[PDB]
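Coordinate inspection notes
Now for the letters of each chain:
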Amino acid sequence: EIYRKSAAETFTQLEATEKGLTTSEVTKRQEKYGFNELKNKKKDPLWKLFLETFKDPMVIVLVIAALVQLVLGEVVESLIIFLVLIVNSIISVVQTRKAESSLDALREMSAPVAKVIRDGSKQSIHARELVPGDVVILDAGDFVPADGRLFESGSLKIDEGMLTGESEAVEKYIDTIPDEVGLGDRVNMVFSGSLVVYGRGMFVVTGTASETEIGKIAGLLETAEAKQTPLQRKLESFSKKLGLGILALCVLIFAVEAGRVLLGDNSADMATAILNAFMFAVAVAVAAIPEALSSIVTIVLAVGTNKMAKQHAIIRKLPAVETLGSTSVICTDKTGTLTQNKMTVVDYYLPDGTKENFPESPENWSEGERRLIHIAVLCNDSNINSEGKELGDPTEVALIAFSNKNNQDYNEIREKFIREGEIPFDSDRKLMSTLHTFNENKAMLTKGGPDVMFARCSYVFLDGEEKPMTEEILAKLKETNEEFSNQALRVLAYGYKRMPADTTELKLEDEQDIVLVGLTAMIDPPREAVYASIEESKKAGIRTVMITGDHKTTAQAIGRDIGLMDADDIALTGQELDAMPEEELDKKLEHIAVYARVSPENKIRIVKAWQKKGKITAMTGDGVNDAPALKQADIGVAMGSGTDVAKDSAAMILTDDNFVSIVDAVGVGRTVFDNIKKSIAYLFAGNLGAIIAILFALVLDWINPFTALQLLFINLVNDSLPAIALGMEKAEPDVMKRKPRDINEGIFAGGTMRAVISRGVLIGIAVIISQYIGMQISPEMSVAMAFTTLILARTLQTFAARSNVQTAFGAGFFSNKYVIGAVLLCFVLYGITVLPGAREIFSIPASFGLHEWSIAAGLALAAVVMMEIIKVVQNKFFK
Ligand code: ALF
Ligand SMILES: [Mg+2]
């Protein structure tokens, strides 16, 4: 709104004088406005990290059963629960801590030094003291400490890449603008964190700190919204159903055993039936909840971060690898990410060559030794160091890069012909040029912009020096200009300017009668491997979308090449999104597709409206502008070349720059969840039949099976080893072609439910029979023979859970070596039970035999045989 105001109006609006504050106002200004600085207010209290972990209903119920174990006197079985609750806690507390943002990237964005006028004194003070109404000067190389509008112009160009992401300097004009334009084309004002590239200017503060756009993005980063794992929402969706399911059972256990005292014959001891009820109640709650589940998921996700490590894709947060599997919207950045941020040219215009395509040759590229050198013999001012790091104006570095791409050294021709010209300074209207001296004559070098170059150039250089041709030469270079300018190519003019001879110095007046060698038009090309990663993204069912902040002209062509959008398709400006409310936003949202010239505020709002549509999205970017879109997106990717800002605010950071690894990552995420779902289907299926045997054992007043500690043992470690084995089953890559999984289906969706219930039933059937065989012989034996049959039955379950619709035979018994490796280790754990030194604390009777075990184990065996003969029901379902 202030851009419209200029000169005194901006100052009168601030009621501050232009030349000097006199330090009286800044004595005061710094009290109400504060220093130009950014400071975090994160409390990060220790209390909240742990109080917040109890929000999981799965966690509160275990706390209750652990306290009960204390009153009953089973201290052992209580303090084991507290241990795996510290696990469930410190797993969830440290995942979030890494997620938290840091202003370290924000730190040093604005240079401490700022030449400002205080009391009429030209002094340089720290950017902290800078306050609104102060006047700063910007010679070249300054860091633009305070956002603001500069009344005086030195012809200077500042780099706004930190705010916007472009690596090219943009000219700054002091003229007032009366219309609303996108933040990037605010040519009359500068913002904090931008680097001044050329010239010296004087500018107004226009507020500081949080008011600055560099501080408005800081407030945007401060929000730290969303980032909820689908699994977590999925888990809690049916954790709440579970957390209400156990409490339903605890009432019946009390009601049944209270229903058994009302009908109690003669004397009935209520204290025992109550205590008898607690032993069942605590047993059910233990048997239901999966103690290892948090610790197992945290491990399988460590395999994803390891498989992506070998493709130079770094993941900072484990649960994000599952988020990749469900992704359906990819939002990217045009420059710095989809590109190498490196320009060159394939279509040069010269009269003789007439080729759209670019041919690279070792001095044979141009007819005659003279033609190729004349395009830009001395125009460039860039420098390549021993390291070779980029340095110079970006438009000009593509020249010597062009020479190096043609296998022609630039150091061998830079010394052959030497600059002699004054180099008249470059300005908004003028174009800088240089003069050099030849073996026996002299030339003047002029490099211009075709819109202003051809107004002053009459002569034309082709097949020898040719007379100025006003007609038949302007249309063909207008046709070349326009066909170029329709492909969104930046064009510049190359002149020889041979008319002056033996001139001591260079005068600006002789800009006329120019001889022009030709024209070329360079532009930024995308990665070599993007073409494969968008055609695969489309073919994977993920709708890839673009959000960049560059000109619409450049944005139209980008995506036409890869096939993202049609040639007719038009992108939307950030000003249009400024005026479009949310009411029709989502109406437009599906077909919005590519954007153009957007602010950082604009990028993060898009991902928020895409999430409202239920589709879980992903963002890939770099620099500092992309950072809010990375933090808000359900998973944010960053480039290796990108600034440490986006690098430090992304859930994944690919160092190699190999884009294809992103679509490869979506292949891992869908497989990661395919195992987890299959794996979590295993762990609860065992938990079900264990509750079934506790409940049937309660309907006949049988002593509760498996005592108390034994139940905790099996879930914490006995079932952790096979759960990880399933977590590593084969990928089944054909499944990858199918469209992203909906974030709404249950964990058991896809027909697994009918398989989890089937397995959990056949389990309890056998455990009950062994208890009957056990209870007939003795009560002591029923506890062991039921537990024997159980922990063996859940161990053998792995062969059935390898696939809900697959059999071990014919699918490869030896297919997975870890499954067989995991089953063998559970056998040893069971072996440790039967030891005499540990038989006691495991409630296994001393008078336990091998023929009795034979009956029990044989029952546990036949259970999984039943799971394998549900093949017919599964086979019948298909037809
Ligand atoms: F190309 Al960008 F932010 F670096 F849109
Ligand atoms: Mg970028």
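Residues numbered from 1 in each chain as written, not as in the entry; some residues may be left out. Chains lettered and ligands numbered in written order. Heavy atoms only, no water.

Structure determination for this entry, per the PDB record, employed X-ray crystallography and reached 4.00 Å resolution.

**Focus on the overall build of the chain**
Helix and strand counts for the chain stand at 33 helices and 24 strands. Taking 879 residues into account, the globule formula puts the C-alpha radius of gyration at 29 Å, and the chain, at 37 Å, lies well above it. Seen through its principal axes, the chain has C-alpha atoms that stretch 125 × 70 × 50 Å. When each of the 879 residues of the chain is scored for burial, the buried share is 49%. Within the chain, contacts between residues at least 6 apart in sequence are counted, and of these 72% link residues at least 24 apart. Element-wise, carbon and sulfur atoms account for 58% of the exposed surface of the chain, whose accessible area totals about 43400 Å². In the chain, the 91 positive side-chain charges and the 114 negative ones have mean positions that sit 5 Å from each other. (Helix = DSSP H or I, 4+ residues; strand = E, 2+ residues; numbered from the N terminus. Rg over C-alpha atoms; globule rule 2.2 N^0.38 Å. Buried < 20%, exposed > 50% of the residue type's maximum accessible area, 1.4 Å probe, protein only. Contact = heavy atoms within 4.5 Å. Areas by Shrake-Rupley, 256 points an atom, 1.4 Å probe, with all protein chains shown as cover. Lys, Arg positive; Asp, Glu negative; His and termini not counted. Charge placed at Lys NZ, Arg CZ, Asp CG, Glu CD.)

**Quick notes on the environment of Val666**
Relative to the assigned elements, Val666 resides in helix α24 (residues 660-699). The class of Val666 is buried, set by a relative accessible area of 3%. Sequence-wise, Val666 and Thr323 are 343 residues apart; in three dimensions their C-alpha atoms are separated by 8.8 Å. Excluding its chain neighbours within four sequence positions, the residues that come into contact with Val666 are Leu324, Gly325 and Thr327.

**Topic: the side chain of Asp626**
As for its placement among the helices and strands, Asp626 is situated in the loop between β22 (617-621) and α22 (627-632). At a separation of 2.7 Å, a polar atom in the side chain of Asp626 contacts the side chain of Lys603. The residues touching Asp626, leaving out its near neighbours within four places in the chain, are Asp333, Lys603, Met619 and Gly621. (Polar contact = N/O pair within 3.5 Å; in protein donor to acceptor, adjacent residues only side chain to side chain.)

**Examining helix α21 (residues 600-612)**
Note on helix geometry: an α-helix contains 3.6 residues per turn, so any two residues three or four positions apart are oriented the same way. The end-to-end C-alpha separation of α21 is 19 Å, in line with the 18 Å expected for 13 residues at 1.5 Å each. Within the sequence span of α21, burial applies to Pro600, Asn602, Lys603, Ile604, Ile606, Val607, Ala609, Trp610 and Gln611. Count one or two residues on from α21 and you reach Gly614, which has phi positive near 80 degrees. (Expected span 1.5 Å × (residues − 1).)

**Remarks on the coordination of the magnesium ion (ligand 2)**
Those protein atoms acting as donors to the magnesium ion (ligand 2) are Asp333 (OD), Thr335 (O), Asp622 (OD) and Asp622 (OD), and they sit at 1.9 to 2.2 Å. On the primary sequence, the residues serving as donors to the magnesium ion (ligand 2) are separated as D-x1-T-x286-D. With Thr335 in the loop between β11 (329-332) and β12 (348-349) and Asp622 in the loop between β22 and α22, this residue pair connects regions lying 287 residues apart in the sequence. In terms of burial, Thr335 and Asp622 fall into one category: buried. (Donors = N, O, S within 2.8 Å, 3.2 Å for Na, K, Ca; no water.)

**Quick notes on the packing of helix α8 (residues 230-262) against helix α9 (residues 270-288)**
Two numbers describe how α8 lies on α9: the axes approach to 9 Å, and their chain directions differ by 160 degrees. Looking at the two axes, α8 sits roughly antiparallel to α9. In this structure, α8 meets α9 at a crossing whose hand is right-handed. Contact residues: α8 offers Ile246, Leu249, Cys250, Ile253, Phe254, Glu257 and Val261, while α9 offers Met270, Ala273, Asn276, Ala277, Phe278, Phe280, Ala281, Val284, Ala285 and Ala288. (Axes fitted to C-alpha atoms, helices over the stretch in contact; angles between N-to-C directions. Parallel < 35°, antiparallel > 145°, perpendicular 65-115°, else oblique. Left-handed = near helix turned anticlockwise from the far one by under 90°.)

**Here we look at the site of ligand 1**
In the region of ligand 1, the neighbouring residues are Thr164, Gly165, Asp333, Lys334, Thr335, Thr548, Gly549, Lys603, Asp622, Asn625 and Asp626. Looking at the shell around ligand 1 residue by residue, the class counts come to no nonpolar, six polar and five charged. (Near = heavy atom within 4 Å. Nonpolar A, V, L, I, M, F, W, Y, C, P; charged D, E, K, R; others polar.)

**Overview of a nonpolar patch on the surface**
There is a patch of nonpolar side chains on the surface, built from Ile757, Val761, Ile765, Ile769, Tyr772, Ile773 and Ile855 and spanning about 590 Å² of accessible area. No other element matches the six residues that helix α27 (residues 752-777) contributes to the nonpolar patch. On the secondary structure map, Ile765 appears in helix α27. For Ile765, a relative accessible area of 48% corresponds to the partly exposed category. (Patch = residues over 30% accessible without salt bridge, like charges linked within 9 Å, V, L, I, M, F, W, Y side chains within 5 Å. Salt bridge = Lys/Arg side-chain N within 4 Å of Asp/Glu carboxyl O.)

**Details of unusual backbone geometry**
In this structure, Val144 takes a positive phi of about 55 degrees despite not being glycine. Mapped onto the secondary structure, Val144 falls in the loop between β3 (135-138) and β4 (148-149). Phi is positive for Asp513, close to 55 degrees, though the residue is something other than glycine. With respect to the helices, strands and loops of the structure, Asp513 is situated in the loop between β17 (490-495) and β18 (515-522).

**Focus: the sheet that holds strand β2 (residues 121-126)**
On the basis of which strands lie adjacent, the open sheet formed by four strands has the order β2-β1-β3-β9 and antiparallel pairing. In this open sheet, the two strands that pair with only one neighbour each are β2 and β9 (201-204). Direction aside, neighbouring strands of the sheet carry axes that sit 40 degrees apart on average. As defined by bridge partners, strand β1 (residues 113-118) adjoins β3 across two bridges and the pair is classed as antiparallel. Bridge pairing in β3 links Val116 to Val136. (Pairing = 2+ DSSP bridges.)

**Remarks on the packing of aromatic side chains**
Taken as a whole and assessed by the stated rule, the structure comprises 15 aromatic pairs. The interplanar angle of 90 degrees and the centroid separation of 6.1 Å between the aromatic rings of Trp365 and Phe402 together place this pair among those described as edge-to-face. With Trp365 in the loop between β12 and α12 (368-375) and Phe402 in helix α13 (residues 394-405), this residue pair connects regions lying 37 residues apart in the sequence. Of the two residues examined, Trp365 and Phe402, each falls in the buried class. Their ring planes at 85 degrees and their centres at 5.5 Å tell us that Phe696 and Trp702 sit as a pair that is edge-to-face. (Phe/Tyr/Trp six-rings, centres within 6.5 Å; stacked < 30°, edge-to-face > 60°.)

**A look at the nonpolar core**
One finds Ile694 and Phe706 to be the most contacted residues of the largest nonpolar core, which totals 55 residues. If we skip the residues at most four places from it in the chain, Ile694 touches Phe280, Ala283, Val284, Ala287, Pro705, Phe706 and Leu711. Residues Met58, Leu231, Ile534 and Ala571 belong to the second largest nonpolar core, which totals 44 residues. (Core = buried A, V, L, I, M, F, W, Y, C linked by side-chain atoms within 4.5 Å.)

**Some details on the pattern of salt bridges**
According to the stated counting rule, one finds 33 salt bridges in the structure shown. Its salt-bridge partner being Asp44, residue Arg97 comes within 3.5 Å of it at the nearest N-O pair. One end of the pair, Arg97, is in helix α5 (residues 75-99); the other, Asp44, is in the loop between α2 (24-32) and α3 (46-51), and 53 residues separate them in sequence. Given the relative accessible area of 39%, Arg97 is considered partly exposed. Close ionic contact of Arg597 with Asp550 constitutes a salt bridge, the shortest N to O distance being 4.0 Å. Of the two residues, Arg597 is situated in the loop between β21 (595-596) and α21 and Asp550 in the loop between β19 (543-546) and α18 (552-557); the sequence distance between them amounts to 47 residues. In terms of burial, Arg597 and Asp550 fall into one category: buried. Taken together, the salt bridges that share partners define one network made up of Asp185, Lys334, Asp550 and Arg597.

**Focus on the environment of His126**
Within the fold, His126 resides in strand β2. Owing to a relative accessible area of 48%, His126 belongs among the partly exposed residues under this scheme. It is 32 Å that separates the C-alpha atoms of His126 and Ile604, two residues lying 478 residues apart in sequence.

**Examining the sheet that holds strand β5 (residues 157-159)**
Through backbone hydrogen bonds, the strands of a sheet pair up, either in parallel or in antiparallel fashion. Reading across the sheet, the three strands line up as β6-β5-β8 and stay open at both edges, with antiparallel pairing between neighbours. Single-partner strands in this sheet number two, and they are β6 (170-171) and β8 (195-198). Looking at chain direction, β5 and β8 are connected through three bridges and run antiparallel. The residue of β8 that forms the bridge with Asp159 is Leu195.

**Examining the pairing of β18**
Burial runs high along β18: eight of the eight residues are buried. Bridging between β12 and β18 involves two bridges; their strand directions are antiparallel. Each bridged residue has a counterpart across the sheet, and for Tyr348 the counterpart in β18 is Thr520. Two elements, strand β15 (residues 459-461) and β18, share two bridges in a ladder whose sense is parallel. Residue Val460 lies in a different strand from β18, and its bridge partner there is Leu516.

**Concerning α8**
When the terminal C-alpha atoms of α8 are compared, their 48 Å separation across 33 residues agrees well with the 48 Å that a helix rising 1.5 Å per residue should span. Along α8, the sharpest change in direction is near 25 degrees and occurs at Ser239. Among the residues of α8, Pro230, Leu231, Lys234, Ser239, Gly243, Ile246, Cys250, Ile253, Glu257 and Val261 are the ones counted as buried. Residues of α8 that are buried make contact with α4 (57-72), α9, α10 (293-307), α11 (320-325) and α24. (Bend = angle between axes of the 7 residues up to and from the residue.)

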